[PDB]
Structures are given as C-alpha cells and as structure tokens.
Amino acid sequence: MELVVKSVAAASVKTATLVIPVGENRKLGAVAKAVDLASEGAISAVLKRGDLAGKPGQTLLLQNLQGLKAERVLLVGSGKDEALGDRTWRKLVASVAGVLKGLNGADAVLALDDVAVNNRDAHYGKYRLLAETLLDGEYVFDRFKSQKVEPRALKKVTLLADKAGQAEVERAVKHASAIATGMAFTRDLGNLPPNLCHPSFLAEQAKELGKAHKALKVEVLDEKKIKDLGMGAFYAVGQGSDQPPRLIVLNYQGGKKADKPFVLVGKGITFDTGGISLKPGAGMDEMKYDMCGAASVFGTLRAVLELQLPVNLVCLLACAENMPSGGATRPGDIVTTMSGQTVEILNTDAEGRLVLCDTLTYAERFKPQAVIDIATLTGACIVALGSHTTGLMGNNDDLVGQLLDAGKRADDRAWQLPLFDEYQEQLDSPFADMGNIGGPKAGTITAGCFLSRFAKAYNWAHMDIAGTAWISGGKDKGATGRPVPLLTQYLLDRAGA
Amino acid sequence: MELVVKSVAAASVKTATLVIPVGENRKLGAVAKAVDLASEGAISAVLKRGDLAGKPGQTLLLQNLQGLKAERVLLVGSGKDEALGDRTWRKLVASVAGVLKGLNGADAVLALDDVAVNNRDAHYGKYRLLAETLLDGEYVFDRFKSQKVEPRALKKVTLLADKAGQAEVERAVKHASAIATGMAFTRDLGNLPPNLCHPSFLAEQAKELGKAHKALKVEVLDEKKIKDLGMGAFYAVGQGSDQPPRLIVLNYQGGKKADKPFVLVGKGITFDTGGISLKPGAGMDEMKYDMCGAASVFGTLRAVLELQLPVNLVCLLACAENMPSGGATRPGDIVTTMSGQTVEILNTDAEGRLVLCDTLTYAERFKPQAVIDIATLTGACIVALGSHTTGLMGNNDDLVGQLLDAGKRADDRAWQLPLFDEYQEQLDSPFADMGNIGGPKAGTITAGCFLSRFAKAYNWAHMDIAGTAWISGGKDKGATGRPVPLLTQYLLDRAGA
Amino acid sequence: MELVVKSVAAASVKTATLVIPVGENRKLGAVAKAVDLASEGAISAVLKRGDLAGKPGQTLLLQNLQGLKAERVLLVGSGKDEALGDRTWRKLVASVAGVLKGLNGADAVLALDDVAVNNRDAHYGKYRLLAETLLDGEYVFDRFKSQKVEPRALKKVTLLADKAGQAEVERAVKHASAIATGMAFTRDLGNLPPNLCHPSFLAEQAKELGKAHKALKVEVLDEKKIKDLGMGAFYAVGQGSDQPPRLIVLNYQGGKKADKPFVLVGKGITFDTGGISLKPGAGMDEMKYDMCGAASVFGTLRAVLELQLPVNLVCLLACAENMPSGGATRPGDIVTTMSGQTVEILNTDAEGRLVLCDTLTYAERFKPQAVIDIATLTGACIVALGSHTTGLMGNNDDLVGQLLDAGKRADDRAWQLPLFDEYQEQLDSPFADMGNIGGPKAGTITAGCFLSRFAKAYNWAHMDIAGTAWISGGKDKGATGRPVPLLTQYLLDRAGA
Ligand SMILES: CC(C)C[C@H](NC(=O)[C@@H](O)[C@H](N)Cc1ccccc1)C(=O)O
Ligand SMILES: CC(C)C[C@H](NC(=O)[C@@H](O)[C@H](N)Cc1ccccc1)C(=O)O
Ligand SMILES: CC(C)C[C@H](NC(=O)[C@@H](O)[C@H](N)Cc1ccccc1)C(=O)O
Ligand SMILES: [K+]
Ligand SMILES: [K+]
Ligand SMILES: [K+]
Ligand SMILES: [Mn+2]
Ligand SMILES: [Mn+2]
Ligand SMILES: [Mn+2]
Ligand SMILES: [Zn+2]
Ligand SMILES: [Zn+2]
Ligand SMILES: [Zn+2]
C-alpha cells in the first residue's frame, strides 16, 4: 500500500473514499464540520436519523454526495470527547481499514486530524500508530492456500494534516513503513512451517539479504564450527536432529568504524519438540514460532536497512531444531560451554537458554555497547505477563530503561522483572557449574539468571517474548511481528532519528 | 476342519459324537425325538434326572448308547420354544465347538435342524452363522509359543439337513469357508508383532499372493515412488521410521473387461507410536493392530479369490510405520497432497488419514464404481459405537445402504454417522487448505470429513474399525477378522452370488 | 418484534429499510430488478462500482433513493444462481438482522422472495427458518448486567410474498413465533445461575404457568413424595444437596379425552457437581445447563400452549441438584428403583439417568402413546455427534423415525444410535440388577441402554442433548433453546398442523 500525506482540505480531494470522524451525540469537529458544510448539510442530515451512535470504530458509509469530490464518505465513530487511548485509536484505524478492504475503491483519504490520542502529539506519535496499524493490517500469508486472497482494490491511502504538521506525519509514515516491512518479514518467517523453515533455510535467507545490501556482511557458522569453537551447549541442543544447527552472523556497518556496535541475539529454534524431555502433543504446532526471536532480529535488521540508520548493528541468530532421537542429548548430560562454564542439562526442553548462552559468549568479540537477546523462552512469562507485555531483564538499568521507554513510545510494551541474586541458587548443580533449570518458582527470572552468567562482559538485556510473539488461536492465529517495533524504536533512539 | 453336509437320519450316522438340541422342560424337537426313540428312550430317561435345564448352550455329554451308531451324544440346550437371536445362536455353536475340541473324537455330526433362528432362513442364513463360528473358532496363533497347542483330534464336522435344504446349506458352507479362511489371514497379519510385520513384509505377502493366483496382478510402490507421485501426506507419515512405507496394489480382474472395479483401500500403519505427538505407554502394544484395515482387505481378497467372484476388485494397501526420530514429521508441518490440496499436520498421531488421503487420490485412475476405505482410525469411534459396531460414513447413500445391509446379513454390523457440512469447518487452518484434526468434538466424523475431501470423484464410503478389529484383553485378546464378513458379503451381493 | 406478511410491491412500501437480495455478478432477480427500475437505475449504478460481490450475507446499505418510499435500502448477497442450503440461508437472515439491529429504524421490509432454499417450498419451509432465526435472534439475557442493552429501534418486520403464498408464509410465522417464544423461555431457564435456578424455583415456574392456562394442570411432588413412591434412584441423586428435589407434572389436555398422551420427560439437574464422584473444576460452570432437558420441555409446552394444539401432553420434569456432602450418595450404594429393579450407583456423576429411570416408571400411569426423554446426558455424545446433531435412541422405530423427520424439517437435527443387545452387558453388576455405568466404550449408547430397561411398557425415545443444548464459550456462550424446534415440530406433526 502507498501511504502519503497532504495538507489540502478534505472536501477538495478527489478520492474513492473520504473518511472522517464523528463523536457521540453526532458531534463533529472542525474538519468534519467543513466537510458537512461542503455537502450542504447532507452528512449532518443523515446523522440526525440516528444510525451512528459514534462509539469508537462504529461506521456509516455514504455514497456520492453533491458538493464533495469523494465518491464515498465513511463516517467513523470517535467516541466521547475524551482523548483516545492507544488501543482504542488503533482499533478505530483497524475498523476503518476493514471497511476499506471490502470496497472496490483504489484509494482512500483519512481526514482524522481532530481525533486526540492520549499522551501522543498530533503529528508524530499519533500517526506512528495509525500508519503501522494500516500497513501491518495489509499482511497476507496465503503461500500454502490453493485458493488465494483476491488482491484488494485499495492501493493508496492519503493522510490529511495541517501544513505545520505535515513533515512530522511524513516522518511517522517513514518510520512506520520500515517497521511494518520488518514485521512482515518476521511474520513470514514465524508462520512458515518447520519442515521448510529450518536452520539451513534461515542461513539461506541471511545470505540472500547479504547479497542485497552493500553495508551488510553475512557469515554462517555450521555445526562443525559451533562444536570447534567450544559451544558445547549450543551443539547439544542441535545434535538430535537431522537438520543441523547454524549460527548466523549479520553485520551491518552503518556507523563510524570506531562506534561500538549494538548486538541483537535471537533464539532460532525452528521447532521445539522438547527433545528427550518431550513436550505434550496438544498445541505443539505452535512451537514453529520458537524461532520468533531470530525472526524479530531479521525484521529489526530489515527496518534498519530501510532507514539506513547510522549505527553498527551485529545480529546473531542461534538456530537449531530440537528433536528426540537415538543420538539426542539426554537429561543429566554435562557439557562445556564456550565460556568454559559447565552446564548440567537437566531438561532438554530448556534448550533456548543453551543456544543463547554460547552465542552470548560469541558476542564478546564485537566489543559491544549493548547486547540484547530476544527469545520465546518461558511458558512462565505467559503466566507472569500474558499476551500483552514482553518480559524484560538485564544487567544494566540504563539499557533496561531505554528498552522500556522505547516500548512505551512504540506501543510494543515490555516490563522489567528482577534478577535478584537470591534466585541464582535455584540453578545450582552438585556436579557442574550450573544446571539449566531452576524449578517451578520464578521460571522467567531463573532463565534470565542463567543467561546473565554469560553476559558479564557487557551491558546486556534479555527479552522473553513467549507471550507476545504469536497469537495461539482464532481467525488471527499467527506471528505478531513483536517485538520489531520496540527494537526498531530503541535503535532509532540510539541513532537520534 | 473339513465341513460337509448330509441328509441322512441322525440315529443312522456313524460318528464319534452326535450333537442334538434339547429345549427347556426336556422338550425334544422332531430330530432329537427320533434319536431318543432309536436310543430306546435312553435320552429321555437321562433328561428326566434334570441335569440339563436346556438353557441355550448348556450341555450334557453321553457315552455309547444302545440303538445308536454314534460313540457319544452331546445334548445342547436350545432354550424355550421361541427362535434364537444371532448372538444366542452363535454362542450355542461356540459352546458345542468348545466341548468337541476337548474330546478325542476325529469327527462330529451336528443335527441342529430344529433350532429356529430369528429372521434367518433354515438353510442359508442360519448355517452361514454356524459355519463361520465353527471354522473361525478353530483359529490358533501359536507360532511364538515354545509349547504348541496340542493338535486337536476333531478333523471333520458333518451338518445334517433335510434333502430339500441341502444345497442351500452347502452354499452357506462354501461362503462361510471363504470368509473364515480370509479372516484367518487377516487375524494372522494383525496378530504378528510389529518388528516382523512392517510395510516391506506386507509387500512380500502381496507378492506371494500374486504368484499364487492367475487373475491377480500385484504392484508395489516404494518410498521414492510415493514421493515422486506427489503423495506428500503419505510420505510425511512414513519418514520418521527406519522401515520405509509401501503402497501395495492388488488387482483382481474377475469381471468383464469394461465393468468398473470396486476399490478397497486399507490403512496399513504397521505400528502407530503417534510419532512426535507420541502416544502414552499404556496399551501401546495394541497399535500393532493399526494395520487391520489393510489386513481386512487382504482377507477379503483371499475370500474373493476362493470364491472366484466375477467382479473387478482393486486393493490398495497404504502401509507405513509411524515412529519418532530426528527426521520425523513435526506438528505444524505443511505438506502438498497428491491432489494438490495442502494439509497442515497439527498432530502427527492423526496419521492414518494422511496415508489414506493420498491413496484415495491414487484410486481415481481405476474409474471405480465404489471406493471403500477401512481403517482403525479414531478412538472416538470406540466412544461412539464401542466394540460391537463398525462406524460407517460416505458420500453416496446407495453405497452406504449396501454396506449396512451386507453387515446385517453377515452379522458383522456397521452403523452410519453423518458427514454434515457443519462439521467441515472444524478442519479449517489459517495457513493450509485444511488441518488434519478437528478438535475434541465429533472426532470420528471429522476424520470422515477430512477423507471426504479426497473422494469427490467417485462413490465412496469409509469404515472406522478402531472398535471392531481387535479384542484388547482377556483370554481372547487379539485380532477379530472384522470386517471381512461385511466386505465379503457386500462383494457377494454385487456379484449376485 | 412484530412479524407480518404483505403482498404489496416492494417499491411501493413505506418503510425505514427495504431489504432486497443481489446475486453474484450484480445479478438481480425479479423483485430486486423492479426495485432497481423504480429507483431509476440507482441500484444497478451503485452495484456497477463493485463494492458488493454478492456472496451470501454480504451487505451494502443505501440511503434515500429517488423513486422509492423506503428511507434506506439494504442489499444483501445471495450468492450464485443456485438454491441455498439451510445454513447459508439462516446465516443470510442473521446477517440482515444484525444490520437492522444497529440502525435507528422502527421497521423493515424483507423482500426476499427471489431467494431459493434447497428442499423447501417458497412459502412455508423457507419462512419457518427465516422467521425463527429473526425472532430467536432478538433474544437478550441482561438481567445480571448493570449496564443494560439499549432497547432497539426495530419493532416490526414485514415479509413480502405473492398473494398466493401469503397464507403459507403466515402459517410459517405463526409456528416460528411459537417456537421462538418457547426457545426464549428455555434459554432464560438454562442461562439462570444455579444459585437461583434450583428445583424449587422450577416448581414455582411450573405452578405459575399452570395458573395462566386453562387447559393446564400442574402437580409438584416433593422429596418425601419421591421417596414414598419408592423412587430410590431419584432420591439418591438429590439427597446430598441442601435444595431438595422436585418431580414436576404439567398436564395439558388439548386432545380428546380418550386420546393417549404424548409424554415428555426432562432431566432437570439444576447443577451437576458430580457429587462424591466430583467433576474437575475446569468448565464446571456449564453444568448450570444440566437442566436444559427440563428447560426444553417447558419451552415446548409454552409453544404448544401458544398454538393450542389438539393433543394431550404430559410433561414430567425430574429436578435435583447433585452436590457433595456428608449425607450424599456414595459410589457403591445400591438403591431400589420405583420399578423394583435395583441399581448399583458406581459413579455418582451418572446421575441424570438415575432421576430419569424413576420418572420413566412414573410415566406408565398416563398410558402414553409416546414417551420422549430429553437430557444433557453424556460427554460421549459430544465425542460422537459434536455440537450440531442431537443423539437419538429408542425402542420403537416408528417413533424414532418421526423424531428424525421432525428434526430435518425443523432444521434441529438428530441422529439415531443403536441400542443393540450386545451393549447391555456393559451394565452388569455382581450385586444389583444393573450398575449405572458401562465403562469407557459406547457411553451414549450404554446410558440409553440403562434407560431402556425402564421404558418397556410403551413406545419410547431418548434424546441426548449434551452437545446441542448450549454453546460453551465465545461471544455466543449460553443456552441454544434446542431441541424445542424438533419437539414442537414433532407435536405439530402428530396434531396434523
Ligand atoms: C523446562 C522449563 C524450565 C522451560 C520450558 N521452556 C521451553 O520449553 C521453551 O523452550 C519454550 N519455547 C517456551 C514456550 C512454551 C510454550 C509457549 C511459548 C513458549 C517451559 O515449560 O517454560
Ligand atoms: C490425534 C487424533 C485426532 C486421532 C487419534 N487417532 C489415532 O491415533 C489413530 O491413528 C489410532 N490408530 C486410533 C486408535 C487409538 C486407540 C485404539 C484404537 C484406534 C485418536 O486419539 O483417536
Ligand atoms: C460418569 C459417566 C458415565 C457419565 C458422565 N455424564 C455426566 O456427568 C452427565 O451427568 C453430564 N451432565 C454430561 C455432560 C458433561 C459435560 C458436558 C455436557 C454434558 C460423563 O462423563 O459423560
Ligand atoms: K516458523
Ligand atoms: K500386526
Ligand atoms: K440454569
Ligand atoms: Mn523448550
Ligand atoms: Mn495415530
Ligand atoms: Mn453427571
Ligand atoms: Zn524453546
Ligand atoms: Zn493409527
Ligand atoms: Zn448431569
């Protein structure tokens, strides 16, 4: 979809559908009032009949009105006078998009300048949310359908704002477009089934990306290299499968050569059966999303490439497929990690932290200013924070604060959990330097504690996206693309953009 | 056992054991009375003592009686002066057989003409049930025992009937003998353990059968052929095992060249672990019977060959072994079926419908007049219809009705369940054309619905024999041979025999 | 909502909203075409723009059109030019009703004569389904909401038909209105929470209904009466609770004095905890619907009273509340039923068949021509037939067939399951005449088998509505009102109405 910004009057714009807001009690703001006046009162005449109560997202669609250049006018409810919260604003926009998707109009004009959004400026923050919702809402994954989604008529949307706000709306659209393009890439990789989307496939995706971008260099480390580097934990996860593991490095040099890089580490478990500690059958298909950490790193990188941010960004994708077999890791195996710390693998279904720990040690070589790991790590995080909020831990309160602030401004929120030293003992092993599980109490936190033992060389944060990375059921089952908005926001903030 | 029919007087017949019926209140029918008189009232005299109440299947065994040529007389209770139901009649016969098997007599004569069986003619229907119970009751599967069953003395049974009915009893014996010989083959294949009875073994069985019979042509399609035909669902089931899959085609051309064939499709999962969606351990051994669909097709074919029915019969055995491994199918995999329809494999333990759907597409080439699939498909069918009655679904009312009627006449009953369109949606997938599971509601029906999407080219029915194909425990644990009687009866009906 | 029928031309009717169908490819039937012409081609002109593809239930709403007397015109998609199935037709009607409910129009005119419905005549069967969907869709249960549903503007719908069809449409409306009114009563009783809706409450409801209807006499039997009649199974169920049981008799004498009555027996377990055989907590709230058998009998009676059918109808509501306590029935208890047959209560959560068996014996006194029990009886029925189809068993083929045919014509379908004698032994007890459970195989059937032992005196059928009586979750959670349509249709059939 093409998304552009103009400052012309709403009544003057030639379009298939003009969209304007209407409050409860048929209350029209200055923009809608001017459109009503151009229609010689036709809009307020229809509103007087009472079909539209004006609750947020309710709609009334009109056809050709004399005095207007729009072929259709869509009235959308904006609710009571009170400013809208983020969720209500995004639902309003999605309601609009749903109607437009079903029409045979080639373009539409949104004239929603009068709608106030709580704690967001009328031009940048408000439109960041609208644009991302509109563009991400175009997403289709019909690759495996014999009957394809018939393409939609809607090819273009124009946002109307005042002259003074136009540049800021354009900046919101630029940023939202990069984020939505990155999210589409994330969502495609998440939604791909695990018989196709395995570690070698992700390596090929990375190599393709490297060829397409001059400032990107890609290196792929195979199973032998992982083993030779001393990555005993990463190797142990992957060995059970016929699909070998891959550590994928994507190095974007957008900053000055001397600038310390930001490192994103993504968990790329392409399918998590649990291994010998096998999962139950119910809902196991959703473990194709266990590479959503790696997918979100791909999508964040793709947003960064689109924006050409002037930062050095090193992406490390720790990819393996966790399968039961006659050569799989067993509960009770002890391995030596790249750091030299030994790990007793008490449960082979706590495998993400194993590929991550070795990759955290690998990251030391880049001499980073921040290392953020993203992983669908714990069912415990869904118990703690549910579907709405990513769990966040780290070893630097300034980094943790920056990620929280980015998630608030991006409306892709996270929430800090503590890594108090008292939780560490839960990982104690009588045999090895640590075990890989902490028991049934504080599961999200003990997984963060385990990772923290490998992150002492740098400023580090860990994002547990087990609850935010996909929707489990209903019509909308599938990858969400989170946390691409938070991560991209954090990088925009570090770039000063 | 040799089973013959004669029309001589019971008192006159030289035999190790003469069997005659006695009612309650010591009441003797015409046949029994004649034997009593020949015995000089000896039988009445013993009855007066009251040891035999005459309830169905009760017995009293006499030794040499003056005036008879029989060495022993077995009296068997026939109940009150009303006709017996099928179950009571078959139990009476089994009771008699159990006594004879324990004796050292080389033959026996059954003189049970006076016993009425409800809704069964005195010559054909009555003796179809008797002869099949007698012959199937001889079944022994002692090949894995170090101590073999002491072979039995009983080598021959003669059924006495009146002259007028002799040919119809002979026709019942001909048909029952073919059915029982088919059932023995089915039972042996089901009872064989899965380390021996794998898809390659079944292929060798088919090849051996092909060499033994001129009107039979056998082709075996291996794993690469299955893959190269585009059978993505069948291939997915078999990949996880070290034993590769086989699609076995047995083509019997007994009809006219231009007569459309009847196609039988059998599920041949030689062991069902569930795969990655692994089953619980308890009772898993009974999943060696997950090839009883394919076994019943082999047994029906053996009966048809014995009878030389004048029909074209194509048998398709879809054989694979469902194992967990590092190369097995995962929940969430999406495959392209031979038909081009895509399937999301949400649960790798819903595997029978996957090998079946591709085999249903394969069956289109034969331009059949009926396609019947037989499969141990759903635990839900045991919840719905239990151990007694096979679940039946289809896309043609006439075919379904023919199979029901065959089951009633063969005393191997089925019962229809509806494939209403409302159940289809339970198979919807957001990614593929369908998923392979429908959830906890209507599981037998949604499996039928899944298969129906591959059967639209022809008249089709599906038989879920999960409850009727074997007995789980007790002294009689093992394959039953069902539904060989129903299927054979259906083909006798189509042949006009 | 008032529902009336007229034979005036669609373009001529003064109304807030005129509803007409449009096919795919903008194809207009005779009625829609005549409206288009009166609108001076306005409707064709809007359709040419392509916003409405015409798939069943899609909508496009127009405002005031020159040449018409309708204030609004709703175009509704009717699909390709083939007849619609029942489900598609009812979903089309619900789509229309949804739009109308959100408008501020006091009335609407449905001009849907053009639309063909498969296997149902243009006037009676087609409009039975439309009228019931429209009227049942008006249902609101907001008693426990602090914020009430806003009263809807829509008060009247007019159906247009040709003069020749008017009588038959009016008959359909009369019957659908009775059915919908009965369903609303059923749904209210089902949706009441169990702290309010207990057996004494249902007894009050029945007494109040008796006072309002001349031809209705109501008797209520309390716990002591149930005990004193020798109803040891019914008494055993209710004894654990602080709410005592009630057996409610509602006798409608609408037939000739010497006509044998139809008896409906409803399970009225107002809450089923399982008792000492306690249920799991998950979903237990839905056991407030365990009196939906009884609720559907009240609803059917309400429909019969509205229609004044000329039949004698005796309703027996077997009401109890199944609770654990220090005085509750135990697994292993043996009780003497009213019939004198003893029952070993192996599981106290098989309680509905216990209150039903004693009520089936009580029904003998009426010398009925048919006895139908309706009960939310088995989870196994949901496994067998899911949410779409009621399970049906019986001891009379004619009665079973009549109920099946009623279900088809009412679009409230049932499906027969067999009560073969082989399933009876599953109920054997070493101690009593029978146990109340048959094990994990054929649960729906063994429950019907249990009941059949109490129904030998008369023609009897059993409806297991465990899957059809309510919706478990989502926006539409709550009672369905089924099987009031099937039961009312059966009584219409017996009355000759
Ligand atoms: C063994 C445990 C300590 C850890 C275990 N974690 C895992 O299995 C992770 O690898 C899972 N990928 C976490 C998960 C499970 C379900 C939904 C979303 C995310 C878990 O159950 O949380
Ligand atoms: C995963 C489910 C949708 C289907 C699943 N079906 C199976 O596993 C079939 O392959 C089984 N072969 C069915 C079965 C299980 C136990 C006894 C007899 C038959 C079942 O549990 O019924
Ligand atoms: C103990 C078993 C033989 C019978 C048991 N039946 C019951 O508990 C019935 O009283 C329940 N009212 C049946 C039920 C359970 C869940 C949803 C709908 C209907 C059941 O589990 O089906
Ligand atoms: K994936
Ligand atoms: K076997
Ligand atoms: K209730
Ligand atoms: Mn895991
Ligand atoms: Mn299986
Ligand atoms: Mn219960
Ligand atoms: Zn994982
Ligand atoms: Zn199976
Ligand atoms: Zn109950």
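Identify, by number, the condition in (1) crowded, with 21+ Cβ neighbours inside 10 Å; (2) facing chain C (nearest Cβ under 9 Å) that residue A:63 doesn't meet. Tallying (1) crowded, with 21+ Cβ neighbours inside 10 Å; (2) facing chain C (nearest Cβ under 9 Å), residue A:63 fails exactly one: (1).
Scanning region B:427-452 for residues that are surrounded by fewer than 24 Cβ atoms within 10 Å (Cβ to Cβ) and within 8 Å of chain C (Cβ to nearest Cβ) gives B:440, B:441.
Looking for something more than 25 Å from the chain's Cα centre (by Cα), surrounded by fewer than 19 Cβ atoms within 10 Å (Cβ to Cβ), away from ligand 4 (no atom under 16 Å from the Cβ) and farther than 26 Å from residue A:173 by Cβ - is there at least one such residue anywhere in region A:463-475? No, there is no match, as no residue in region A:463-475 is more than 25 Å from the chain's Cα centre (by Cα), surrounded by fewer than 19 Cβ atoms within 10 Å (Cβ to Cβ), away from ligand 4 (no atom under 16 Å from the Cβ) and farther than 26 Å from residue A:173 by Cβ. Can you find, within region A:332-365, the residue that is nearest to ligand 12 (Cβ to nearest atom) among those that are among the hydroxyl-bearing types (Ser, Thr, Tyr) and in contact with a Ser or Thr (Cβ under 8 Å, 6 or more places away or on another chain)? The qualifying residue nearest to ligand 12 (Cβ to nearest atom) is A:348.
Taken over region A:20-43, the criterion of being part of a helix (DSSP H, G or I) and over 28 Å from residue A:106 (Cβ atoms) is satisfied by A:24, A:25, A:26, A:30.
Which of the following residues is in contact with a strand residue (DSSP E or B) (Cβ under 6 Å, 6 or more places away or on another chain), within 26 Å of residue B:434 (Cβ to Cβ) and outside any helix (DSSP H, G or I): B:314, B:343, B:355? None of the others qualify; the one that does is B:343.
Candidates A:379, A:352: the one that is more than 30 Å from residue A:125 (Cβ to Cβ), within 16 Å of ligand 4 (Cβ to nearest atom) and out of contact with any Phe, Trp or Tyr (no Cβ under 7 Å at 6 or more places or on another chain) is A:352. The single residue among A:325, A:296, A:339 that is more than 14 Å from chain B (Cβ to nearest Cβ) and either more than 24 Å from residue A:478 (Cα to Cα) or out of contact with any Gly (no Cβ under 7 Å at 6 or more places or on another chain) (or both) turns out to be A:339. All but one of (1) of a type in the set (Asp, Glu); (2) more than 21 Å from residue C:271 (Cα to Cα); (3) part of a strand (DSSP E or B) hold for residue C:373; which doesn't? Going through (1) of a type in the set (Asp, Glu); (2) more than 21 Å from residue C:271 (Cα to Cα); (3) part of a strand (DSSP E or B) one by one, residue C:373 breaks only (2). Of the candidates B:398, B:411, the single residue that is touching a residue at least 12 places away in the same chain (Cβ under 8 Å), under 30 Å from residue C:448 (Cβ atoms) and within 14 Å of chain C (Cβ to nearest Cβ) is B:411. Condition first: free of Cβ contacts under 8 Å to residues at least 40 places away in the same chain, over 30 Å from residue A:192 (Cα atoms) and under 23 Å from the mean Cα position of the chain (by Cα). Can you find one or more residues in region A:107-118 that meet it? Looking for residues that are free of Cβ contacts under 8 Å to residues at least 40 places away in the same chain, over 30 Å from residue A:192 (Cα atoms) and under 23 Å from the mean Cα position of the chain (by Cα), one finds at least one in region A:107-118, hence yes.
The criterion of being within 16 Å of residue B:265 (Cβ to Cβ) and not assigned by CATH to the domain that holds residue B:90 holds for residue B:403.
When restricted to residues that are loosely packed, with under 14 Cβ neighbours inside 10 Å and either over 17 Å from residue B:63 (Cα atoms) or not assigned by CATH to the domain that holds residue B:116 (or both), region B:10-47 contains 2. Screening region C:182-282 for helices (runs of 4 or more DSSP H) wholly inside it with 3 or more residues that are basic (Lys, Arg) and buried (at least 22 other Cβ atoms within 10 Å of the Cβ) returns no ranges. Within region A:1-19, residues that are part of a loop (DSSP other than H, G, I, E, B) reach partners that are among the polar types (S, T, N, Q) with beta carbons closer than 9 Å, at six or more positions or on different chains, in the pairs A:7/A:166; A:8/A:158; A:13/A:158. Filter region C:446-457 for residues that are in contact with a helix residue (DSSP H, G or I) (Cβ under 7 Å, 6 or more places away or on another chain) and outside any helix (DSSP H, G or I); which is nearest to residue C:395 (Cα to Cα)? It comes out as C:455.
Of all residues in region C:283-308, those satisfying the criterion of being surrounded by fewer than 24 Cβ atoms within 10 Å (Cβ to Cβ) and touching a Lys or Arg at 6+ places or on another chain (Cβ under 8 Å) are C:287, C:307.
The rows are residues; the columns are (1) without any contact (Cβ under 8 Å) to a residue 24 or more places away in the chain; (2) of a type in the set (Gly, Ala, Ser); (3) more than 10 Å from chain C (Cβ to nearest Cβ); (4) within 23 Å of residue C:71 (Cα to Cα).
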| position | (1), (2), (3), (4) |
| --- | --- |
| A:21 | no, no, yes, no |
| A:25 | no, no, yes, yes |
| A:30 | no, yes, yes, no |
| A:45 | yes, yes, no, yes |
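Checked against (1) aromatic (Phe, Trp, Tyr); (2) within 16 Å of ligand 5 (Cβ to nearest atom); (3) within 25 Å of residue B:342 (Cα to Cα), residue B:298 passes all but a single condition, namely (3). If you take the residues of region B:362-405 that are surrounded by fewer than 22 Cβ atoms within 10 Å (Cβ to Cβ) and among the acidic types (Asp, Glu), which of them is farthest from residue B:469 (Cα to Cα)? Across region B:362-405, the extreme among qualifying residues is B:364.
Taking the criterion of being touching a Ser or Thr at 6+ places or on another chain (Cβ under 7 Å) and within 16 Å of ligand 2 (Cβ to nearest atom), the residues of region A:257-282 that qualify are A:279, A:281.
Quick check on region A:153-170. Is at least one of its residues free of Cβ contacts under 8 Å to residues at least 24 places away in the same chain, out of contact with any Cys (no Cβ under 7 Å at 6 or more places or on another chain) and buried (at least 19 other Cβ atoms within 10 Å of the Cβ)? No, the conditions are met nowhere in region A:153-170. So, in region B:342-356, of the ones that are among the charged types (D, E, K, R) and under 18 Å from residue B:286 (Cα atoms), which residue ends up farthest from the other protein chains (Cβ to nearest Cβ)? The extreme case among them is B:351. With respect to the conditions (1) crowded, with 24+ Cβ neighbours inside 10 Å; (2) within 14 Å of another protein chain (Cβ to nearest Cβ); (3) more than 17 Å from the chain's Cα centre (by Cα), residue B:455 lacks only one, and its number is (2).
The residue of region B:260-288 that is farthest from ligand 5 (Cβ to nearest atom), among those that are over 17 Å from residue B:323 (Cβ atoms) and in contact (Cβ under 8 Å) with a residue 24 or more places away in the chain, is B:260.
For every residue, the table says whether it meets (1) within 16 Å of ligand 3 (Cβ to nearest atom); (2) touching a residue at least 24 places away in the same chain (Cβ under 8 Å); (3) assigned to a loop (DSSP other than H, G, I, E, B).
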| position | (1), (2), (3) |
| --- | --- |
| B:330 | no, yes, yes |
| B:335 | no, yes, no |
| B:339 | no, yes, yes |
| B:384 | yes, yes, no |
| B:393 | no, yes, no |
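Checking the conditions here, which among A:112, A:100, A:75 is within 14 Å of chain C (Cβ to nearest Cβ), in contact with a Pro (Cβ under 8 Å, 6 or more places away or on another chain) and surrounded by 20 or more Cβ atoms within 10 Å (Cβ to Cβ)? Explain how you work it out, then say what you get.
On the way: A:112 fails: within 14 Å of chain C (Cβ to nearest Cβ); A:100 fails: in contact with a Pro (Cβ under 8 Å, 6 or more places away or on another chain).
Checking each option against the conditions leaves just A:75.
Cβ: placed from backbone, ideal geometry, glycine included. Neighbour counts: every protein chain shown. What is reported rests on the model, the rules as stated and the sources as named; nothing here is a laboratory result.
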